[PDB]
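Novice: Return a 3D structure for these sequence lines:
(one chain, ligands or ions: 2)
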Amino acid sequence: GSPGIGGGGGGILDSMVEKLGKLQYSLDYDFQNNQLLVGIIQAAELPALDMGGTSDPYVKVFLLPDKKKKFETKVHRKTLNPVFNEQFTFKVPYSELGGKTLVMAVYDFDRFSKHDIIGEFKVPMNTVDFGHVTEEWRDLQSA
Ligand SMILES: [Cu+2]
Ligand SMILES: [Cu+2]
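Specialist: Residues are numbered from 1 along each chain as shown. Ligands and ions are numbered 1, 2, ... in the order given. What follows is the structure:
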């Protein structure tokens, strides 16, 4: 925006991953039935509301670039450490899965306003190890 002579910072700190919580999920391709199984297990350390209070988290799960309706977990009210314990199934033949990307996005449910996103992350199908169940914690990223 300018020569950048004045500024200080701060800039390195602003680049770091924000503490927006983490989501544990699992993933397995069922070659018998030809479907992708996704386990939305639990989230931890979701951020407290600006001025105290807990959020009402739920997770949207879907595949890009597919235009189909997103799956959603139940809403867990007033908790920053929800255990979802839900499984979703995507009926997609393996051959068609390679170019897709799984997205998991945690939102804060509200009945009277747009639901604020808490954070999200993506899992490209082309870097998943289909020979073993995948299970990991992922830090939620801004957006
Ligand atoms: Cu093995
Ligand atoms: Cu093993």
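
Novice: what about the helices in this protein?
Specialist: When secondary structure is read from DSSP state H, the chain shows helices at 11-15, 94-97.

Novice: Out of the ones you listed, indicate the one that is most buried.
Specialist: Comparing the helices of the chain by mean neighbour count (mean count of other CB atoms under 10 Å), helix 94-97 comes out on top with a mean of 13. (C-beta placed from N, C-alpha, C; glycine too.)

Novice: List of residues touching that helix?
Specialist: By CB atoms under 8 Å, 6 or more residues apart in numbering, the residues outside helix 94-97 that reach it are 29, 31, 34, 36, 125, 130.

Novice: What separation is there between the first one and residue 81?
Specialist: In this structure, residue 29 lies at 29 Å from residue 81, with CB to CB, to the nearest Å as the measure.

Novice: And these two? Which one has more around it.
Specialist: More neighbours surround residue 29 than the other of residue 29 and residue 81, with 21 against 13 (other CB atoms under 10 Å).
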